[PDB]
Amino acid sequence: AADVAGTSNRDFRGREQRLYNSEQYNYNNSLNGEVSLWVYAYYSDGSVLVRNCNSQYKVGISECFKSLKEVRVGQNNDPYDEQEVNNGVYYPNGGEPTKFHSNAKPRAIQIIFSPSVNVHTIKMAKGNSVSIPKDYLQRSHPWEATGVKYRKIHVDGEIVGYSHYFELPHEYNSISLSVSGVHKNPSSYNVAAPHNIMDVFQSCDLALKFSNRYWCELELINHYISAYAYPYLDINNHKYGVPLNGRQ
């Protein structure tokens, strides 16, 4: 006759559950694991474009002014008029659109990394509308190291991810955007030294990308974030994610 559940050190079902969750958390943090990046572009109509990349060793996303704009697939997007918006945004008075402010422009950006990133390695190039980091190429460092600004997304006392959020509320907030982060490596084994370097090149090939525009934050939270155990931070500063280490 077996011990009774939840009363002794022989609840092996319980120990196996805790190990299963701990193994996933720590595997993700091993050099064999993913590091993941999400870039969220929020539009005035309440919809949200997500750009996601999942890869070994390091991960990144690179967007231009045009690629960040809202596209409603299979609906009217006034493509000619929006090309004229682009011309008017690349150079002042450079186009002839029928509008002052395109509602396809993002109102905000949230950058989220998986908990397997090392925040000290995070780099971002938030450039102008023609993809220069700081106004002119000749004065541009090709990135800023913005890790100190990333907030921890905590759930149940566990870091389930990292967030950097900035609004684009002003008419001159017209941007291009690239972001990069490196997977944790507390060892002194360089994953990109000659013993393993070609595998890092293969990781550039193997990185999986995902993009979709969700009709609102609720839908994103329900059918993307929660569905796939991703970290998130909503407009009301509510934290989402699944804590795993040492937990049932």
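Residues carry their position along the shown sequence, with the first being 1.
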* Asked: Which wins on mean Cα temperature factor, 188-196 or 32-40?
  -> 188-196
* Mean C-alpha B-factor higher for 66-74, or for 176-184? -> 66-74
* Structure fact -> Among 106, 95, 142, 147, the highest C-alpha B-factor in the PDB entry belongs to 95
* Maximum C-alpha temperature factor, selected from 164, 123, 99, 170 -> 99
* Position of residue 205 among the chain's modelled residues by C-alpha B-factor, lowest, middle or highest third -> lowest
* residue 22, C-alpha B-factor rank within chain (lowest, middle or highest third) -> highest
* Select lowest, middle or highest to describe the third in which the CA B-factor of residue 7 falls within its chain in this entry. => middle
* For residue 216, the third of its chain into which the C-alpha B factor falls -> middle
* Tell me, lowest, middle or highest third: where does the Cα B factor of residue 87 rank within its chain? => highest
